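S.K.: starting from these lines, generate the structure:
(5 chains, ligands or ions: 8)
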Amino acid sequence: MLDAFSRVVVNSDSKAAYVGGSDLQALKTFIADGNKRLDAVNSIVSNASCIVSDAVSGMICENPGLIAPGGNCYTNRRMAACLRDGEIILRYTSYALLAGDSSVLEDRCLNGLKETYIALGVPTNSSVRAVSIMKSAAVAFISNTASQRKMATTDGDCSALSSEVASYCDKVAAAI
Amino acid sequence: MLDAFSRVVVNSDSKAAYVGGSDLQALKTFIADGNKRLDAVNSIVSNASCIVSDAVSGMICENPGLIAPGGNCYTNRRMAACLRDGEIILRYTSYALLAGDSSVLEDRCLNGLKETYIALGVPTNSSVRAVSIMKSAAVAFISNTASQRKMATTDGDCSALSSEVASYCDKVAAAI
Amino acid sequence: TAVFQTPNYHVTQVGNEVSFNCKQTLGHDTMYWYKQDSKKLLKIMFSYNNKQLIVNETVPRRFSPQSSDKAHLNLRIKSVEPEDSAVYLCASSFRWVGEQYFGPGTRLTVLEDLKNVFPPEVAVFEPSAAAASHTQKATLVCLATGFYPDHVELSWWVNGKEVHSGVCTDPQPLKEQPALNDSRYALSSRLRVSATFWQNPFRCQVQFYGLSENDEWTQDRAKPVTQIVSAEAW
Amino acid sequence: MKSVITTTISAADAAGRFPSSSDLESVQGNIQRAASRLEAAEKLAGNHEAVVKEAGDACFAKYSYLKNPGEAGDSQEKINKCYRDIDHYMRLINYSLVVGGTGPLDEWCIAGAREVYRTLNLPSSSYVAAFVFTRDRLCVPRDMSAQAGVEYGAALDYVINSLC
Amino acid sequence: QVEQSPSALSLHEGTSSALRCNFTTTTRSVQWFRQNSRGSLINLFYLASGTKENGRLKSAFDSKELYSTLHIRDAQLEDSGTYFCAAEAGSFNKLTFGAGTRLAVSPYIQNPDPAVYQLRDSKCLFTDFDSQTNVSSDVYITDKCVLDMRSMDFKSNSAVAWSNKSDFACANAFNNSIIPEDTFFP
Ligand SMILES: *CCC1=C(C)C(=O)NC1Cc1[nH]c(/C=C2\N=C(C[C@H]3NC(=O)C(CC)=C3C)C(C)=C2CCC(=O)O)c(CCC(=O)O)c1C
Ligand SMILES: *CCC1=C(C)C(=O)NC1Cc1[nH]c(/C=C2\N=C(C[C@H]3NC(=O)C(CC)=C3C)C(C)=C2CCC(=O)O)c(CCC(=O)O)c1C
Ligand SMILES: *[C@H](C)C1=C(C)C(=O)N[C@@H]1Cc1[nH]c(/C=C2\N=C(C[C@H]3NC(=O)C(CC)=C3C)C(C)=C2CCC(=O)O)c(CCC(=O)O)c1C
Ligand SMILES: *[C@H](C)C1=C(C)C(=O)N[C@H]1Cc1[nH]c(/C=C2\N=C(C[C@H]3NC(=O)C(CC)=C3C)C(C)=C2CCC(=O)O)c(CCC(=O)O)c1C
Ligand SMILES: *[C@H](C)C1=C(C)C(=O)N[C@H]1Cc1[nH]c(/C=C2\N=C(C[C@H]3NC(=O)C(CC)=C3C)C(C)=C2CCC(=O)O)c(CCC(=O)O)c1C
Ligand SMILES: *[C@H](C)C1=C(C)[C@@H](CC2=N/C(=C\c3[nH]c(C[C@@H]4NC(=O)C(C)=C4[C@H](*)C)c(C)c3CCC(=O)O)C(CCC(=O)O)=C2C)NC1=O
Ligand SMILES: *[C@H](C)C1=C(C)[C@@H](CC2=N/C(=C\c3[nH]c(C[C@@H]4NC(=O)C(C)=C4[C@H](*)C)c(C)c3CCC(=O)O)C(CCC(=O)O)=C2C)NC1=O
Ligand SMILES: CCC1=C(C)[C@@H](CC2=N/C(=C\c3[nH]c(CC4NC(=O)C(C)=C4CC)c(C)c3CCC(=O)O)C(CCC(=O)O)=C2C)NC1=O
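M.R.: Numbering: from 1, shown residues only, chains lettered A, B, ... in the order given. Ligands and ions are numbered 1, 2, ... in the order given. Dropping the coordinates below:
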């Protein structure tokens, strides 16, 4: 996996070039927003259980056929499977967010996921309803606009970070 | 793998229904013929060596090209391979018969067998001549009509069981 | 919110086929079909949880109920028979804990001969002069006569505003020719107002539910279809 | 699906063996005990709704605090699911009594159950309350025969012991 | 099954009364409805071995004694209808209904003015009588009807009687019935 700096270095390398001055100033911007980024990550991981059962309960909320016989959240074993998968995806997008790169999300989690699901019978339109709910639960927590819980941070615009985390959730909703 | 009762339960479950009264009486019929079924299984396994070398010798009997250079029973190594495969299939159909379900025959023995054979070069028209001979060796022993050996059982009609064991042999002859 | 059920009334002839529909906009997951006899006694016919029928109380083969959604339940009856005339009530509830919520119902009359269906004749009488001079109040009277089956809804409309203030429609109808097979019914209503209100220069309206396009009318008399028959006065 | 027949066959399959006397005796035991577990199974299947309903009432009687806002009974839809879950469990007990082993309980309701309930805030104790009530409520010979009481009570103890 | 008493009930405005309903097997809960004139079942109570109050109605359910009652206090005219108990008795899979109780409240008439008028047909109304009087072959006599002007707070029992035969006039229209001696005929 790569992070923000390794990603700049891989791109510089494809041209056999030392790191541009433009790229250095981008990276020092990355560094300037270091602490906002850490607060972003902290606001997701401190609420991970909330985010994952919100999203799965919601998925089932909008389509109760999932928990009728033959649906993929039917037994306790499949419900627990789905909760684990929600948790796993959220973990790899919190890696992405802390990394500044989607490298690890794509490499260690999304690669072959679409196939695995096709094989198992896991409804993909539903996985992405869950992931899209997690997207909003998460950008709420980042932006500190979640209804039932706040997290004291200093006053600033965290919108670039929220958009980042939403772009990683969309990478997931697209891998399948 | 499933057996007769687990199979009734899986079917009941697909409708989220407790086990019908009709199904219960079918199962108590299964139980009523319990002891005939055990005699059926005993009459196959007590003769397994007979059944398997009858069938393979017969396969070779009707087509001696199998044991000419290039045929698949040519060396001692391939002949012994074929005897093992005869024995294995007979074992999985005696599991089927004792189970009341073809679940274990299909899951642990037939799955990918057709492919494996295509890969190895194993003549499939011949495997099924052998399996079809085993079918008759077996329903003979069940029905106690084998020429050179009898097995003292009480007087009754074991025809449903024989048909069962022939249906499992046909599942094999069809998997390839 | 409520259990909604169509049609309200239905007349058909022995051998036709009928179909009632019930839906419910409550959060519910169980729906029932009850049959109310003419002795005012309810018996359950069918119950449904999700798509799966869970109660079937030995109804004859003609009655067949179809559910699509958990908020929908329909019932089709084929080869309708004369003893099937009753009120069909759809209910709804949670399966395990909760009270049953009912819907308006569907009265189904099954007629031997389809030509027994007559619409009403609506006639408004005028308030007595003595009444204005002795009670300082004037009382109007409406009469709906010679209809069958008793599937009618009577209202009073005064200058385009329906008035349920000071109105009294008879609870049960009056059979015109008792002991003469299916008698035709008559039904009176009253609208009392003040002498001043009448003095300044009303419409008695009777909605009737009869035959539909699902019935063959070969008689000379005009087809007795669902219609509004109203009388007026000023 | 764990059961006498499946357990025995797959012991033999693991060993490369045809069925032998141990295997045939094992099935014979399945024949002997058949007739009282199927009795339990039929009595349960014939009265599932009343059992489910007494059990759920007993649960919410023992833990009235569950009906508070924020608890797992703060809405009519949630209480109704609770009785639904109890019914799922009793359906699986029905299966367990018909198969002859705890297979159906094992795969279809035990497997994910601690994680699922940890995550939807469903106290383990409430289900234990409902199964203990059902167990103690059973009455011999009123409700079923003695050796069917044994089978029924047994599956209930198994499901109880999976929540401790 | 489920026996509900009394079968019918004729109460004066103000009277209080009770309806009982007895069951034969163990009952998990009881539901009381009132059926209005259009035939919808209005839910009154749903209870399990307790008491509940609602306005002028009060219900109770003793599960070990297998009974349930409905009490009506200070009966108003809006309380008329057919009243039903349903028990979840038996195997708790269906509701069993009782036979019904036909309940009818007749208004208390502050000041009675019994009379028999005649109505002129645009293109006999025995109004304003006292609720103690009852009414009765080509003469068409409808049963008593209780109307109410909620503006004037004035209730009035009226009956109506018509025919086409010219031999019959309003003078002795209500003759099979017992009209009060004070009836004023114009
Ligand atoms: C994500 C944006 C948030 C929105 C909701 C907002 O309105 N204010 C926000 C966050 C935010 N944080 C800072 C600055 C800091 N964040 C800090 C904690 C993180 N740095 C760490 O080392 C650790 C983990 C070990 C963190 C969790 C810290 C220490 C700072 C700097 C000083 C402080 O604020 O206490 C800013 C900008 C303020 C700044 O000076 O950068 C904003 C907007
Ligand atoms: C398969 C049909 C056979 C045909 C060839 C026939 O004409 N008679 C036949 C078999 C048969 N067996 C019984 C009844 C029993 N079989 C028994 C042995 C099996 N039960 C076991 O527990 C064991 C293994 C451990 C078995 C091998 C037993 C004990 C019985 C019951 C009593 C007995 O016969 O000794 C029947 C029907 C007779 C009945 O009462 O069911 C038939 C037709
Ligand atoms: C009953 C004893 C409990 C007490 C505590 C209470 O007050 N409510 C409950 C039950 C309850 N269950 C859910 C939702 C689920 N229940 C599940 C287990 C169920 N599913 C199965 O297949 C079987 C076993 C085979 C079991 C027993 C599962 C998997 C779910 C999630 C899917 C769903 O049906 O919603 C709730 C809702 C919890 C919420 O926050 O919405 C409640 C209250
Ligand atoms: C949850 C939001 C989904 C909804 C939609 C649904 O109905 N079922 C859901 C999820 C689900 N996932 C499995 C089983 C697997 N998921 C796998 C991928 C995850 N495992 C990983 O290590 C990672 C990260 C790299 C991912 C993302 C894999 C692999 C499996 C198979 C292994 C397993 O535990 O079964 C299931 C169960 C399907 C079944 O019947 O077995 C469900 C229901
Ligand atoms: C016998 C009736 C067939 C006739 C026809 C023939 O001419 N050759 C026959 C059989 C044969 N089978 C192999 C080799 C394999 N058979 C395999 C499947 C079996 N192995 C299992 O575990 C089971 C049960 C689940 C099955 C049914 C597999 C796998 C092999 C490959 C492994 C091996 O021992 O070679 C051969 C030999 C082909 C060769 O030249 O290697 C023959 C001749
Ligand atoms: C059924 C229709 C239903 C389910 C059960 C939910 C699905 C859902 N959740 C959405 C957003 C969301 N979830 C959370 C976490 C949650 N909110 C809190 O304040 C805390 C604490 C928790 C733990 C329970 C958050 C923060 C959000 C943020 C957005 C919001 O409006 O609250 C959501 C919206 C998706 C979208 O924007 O399209 C859905 C559908 N919600 C249900 O209604
Ligand atoms: C070459 C043409 C030839 C071979 C060598 C045999 C092939 C064959 N066997 C058939 C049936 C069969 N085999 C057995 C087992 C055998 N018979 C016994 O009594 C005992 C003991 C043994 C051990 C040797 C049995 C029981 C049977 C039953 C049927 C029968 O007729 O005996 C068979 C028939 C297949 C069919 O029905 O199409 C064949 C072709 N037989 C040969 O002729
Ligand atoms: C497998 C599903 C099985 C259950 C488990 C039980 C569960 C059960 N028992 C009941 C009924 C019931 N059971 C008992 C117990 C009891 N009575 C005695 O004579 C002996 C000494 C006692 C055994 C400990 C009593 C006392 C009652 C009546 C009390 C009541 O129902 O409120 C009832 C109420 C329905 C009814 O009245 O029939 C249920 C639901 N029923 C089943 O079908």
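S.K.: spell out which residues of chain D are next to ligand 2.
M.R.: By the rule CB under 6 Å from any ligand atom, the part of chain D lying against ligand 2 is D:24, D:25, D:28. No exception for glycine: its C-beta is placed from N, CA and C like everyone else's.
S.K.: near ligand 3 at all, the host helix or strand of residue D:92?
M.R.: Assigned by DSSP states H and E, residue D:92 falls within helix D:76-99. Yes: contact between helix D:76-99 and ligand 3, assessed by CB under 6 Å from any ligand atom, occurs at D:78, D:81, D:82, D:85, D:88, D:89.
S.K.: wait, isn't the last one in contact with residue D:127?
M.R.: Yes: proximity of residue D:89 to residue D:127 meets the contact threshold set by CB atoms under 8 Å, at 7.2 Å.
S.K.: ok, the residue positioned nearest the centre of chain E - contacts?
M.R.: Most central in chain E under CA atoms, centre = their mean is residue E:104, positioned 1.4 Å from the mean C-alpha point. Going by CB atoms under 8 Å, 6 or more residues apart in numbering or on different chains, residue E:104 touches E:8, E:9, E:10, E:11, E:80.
S.K.: skip the chain neighbours and tell me the closest residue to the third one.
M.R.: Which is residue E:10. Nearest non-adjacent residue to residue E:10, counting by CB to CB, 6 or more residues apart in numbering or on different chains: residue E:104, 5.4 Å away.
S.K.: ok but that neighbour is inside a helix, no?
M.R.: No: counting by DSSP: H, G, I helix; E, B strand; the rest coil, residue E:104 is not found in a helix; it is strand.
S.K.: list the contacts for the residue nearest to residue D:18 when sequence neighbours are not counted?
M.R.: Counting by CB to CB, 6+ apart, the nearest residue to residue D:18 once its immediate chain neighbours are dropped is residue B:45, at 4.2 Å. Residue B:45 makes contacts with B:94, D:18, D:19, D:20, as judged by CB under 8 Å, 6+ apart.
S.K.: check which helices and strands the longest helix anywhere in chain D sits against.
M.R.: Scanning chain D for the helix with the most residues, using DSSP state H, yields helix D:21-46. Helix D:21-46 is packed against helix B:21-32, helix B:34-45, helix B:76-99, helix D:4-15, helix D:76-99, helix D:146-161, with contacts defined by 3 or more CB pairs under 8 Å, 6 or more residues apart in numbering or on different chains; DSSP states H and E.
S.K.: helix, strand or coil: sort out the closest residue to ligand 8 within chain C for me.
M.R.: In chain C, the residue found nearest to ligand 8 is residue C:96; the distance is 13.8 Å by CB to the nearest ligand atom. Judged by three-state DSSP, the three-state class of residue C:96 is coil.
S.K.: could you find the closest non-adjacent residue to it?
M.R.: residue D:83 (3.3 Å).
S.K.: tell me where chain C has helices.
M.R.: Going by DSSP H, chain C shows helices at C:129-135, C:195-199.
S.K.: out of those helices, which is closest to chain B?
M.R.: Comparison of the helices of chain C against chain B by CB to the nearest CB identifies helix C:195-199 as nearest, at 63.9 Å.
S.K.: what comes up buried for that closest one?
M.R.: Across helix C:195-199, burial judged by 16 or more other CB atoms under 10 Å in any protein chain shown covers C:195, C:198.
S.K.: hmm, who's touching that helix?
M.R.: Outside helix C:195-199, the residues that reach it (CB under 8 Å, 6+ apart) are C:127, C:131, C:132, C:135, C:136, C:137, C:138, C:140.
S.K.: so who does the third one touch?
M.R.: With contacts defined as CB under 8 Å, 6+ apart, residue C:132 is in contact with C:138, C:195, C:198, C:199.
S.K.: look up how far ligand 2 lies from it.
M.R.: Computed as CB to the nearest ligand atom, to the nearest Å, the residue C:132 to ligand 2 distance reads 99 Å.
S.K.: how far away is that residue from residue C:124?
M.R.: 17 Å (CB to CB, to the nearest Å).
S.K.: if I look at the residue with the shortest distance to the centre of chain A, how far off is residue B:128?
M.R.: Residue closest to the average C-alpha location in chain A (CA atoms, centre = their mean): residue A:93, at 3.0 Å. Look at residue A:93 and residue B:128: by CB to CB, they are 54 Å apart.
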